[PDB]
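Only one chain is shown below, in structure tokens, and it's the form deposited in one PDB entry.
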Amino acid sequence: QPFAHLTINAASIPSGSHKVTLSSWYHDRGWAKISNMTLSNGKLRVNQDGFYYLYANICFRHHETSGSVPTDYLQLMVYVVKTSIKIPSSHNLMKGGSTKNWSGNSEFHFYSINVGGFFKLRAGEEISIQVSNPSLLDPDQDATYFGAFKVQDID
């Protein structure tokens, strides 16, 4: 059946704090795997109609070593958006995150966000991840990832 568990590809990540779309994932190394669905530039396309469970885990971390956060109070957000090739429309399925104060002398800072839900998806619909502060992302495969798996055929 259709499913996917993609892990962050640190090698490519735009610096900044702007809400961006992460488009570098692995589908073969470690826990990364993908059956049926295809991965097109960080976009997880659906090739089979059905009701899937979509989930994402995003880890953020700051180490004084890397320098200092670009702002005392910052927004650590994750957005699970859905697009389509058949239609240029865009939609948010899930949102999660929180504003966190990483100002000070605390040597280390960390914060993760989880999010999931049951959704109805049509072949052609694409799923992508949007986050803020992508420079603060934890690159480990067990820290940052998102995926999906079909539960039952569509009505």
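Shifts are known only where both forms have a C-alpha. The first residue of the sequence shown is number 1, and the count goes up from there. Here the rigid core means the biggest group of C-alpha atoms that line up within 1.5 Å when the two forms are laid on top of each other.
One more form of this protein should be noted, the form deposited in another entry, which is absent from this view; the next part is about it.
Sole residue of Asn92, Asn47, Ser98, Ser66 shifting 2 angstroms or more in CA between this form and the one not shown, core aligned
That would be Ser66.
How does the C-alpha distance between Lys19 and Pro70 change in the other entry compared with the present structure, closer or farther, given a change of 3 angstroms or more?
Their C-alpha distance grows by at least 3 Å in the other entry.
Direction of Cα pair change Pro70-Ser103 in the other entry, magnitude 3 angstroms or more:
Result: closer.
Return the sequence-ordered list of stretches, each of 3 or more consecutive shared residues, in which all C-alpha shifts are 2 angstroms or more between this form and the one not shown following rigid core superposition.
Those runs whose C-alphas all shift by 2 Å or more are 64 to 71, 84 to 88.
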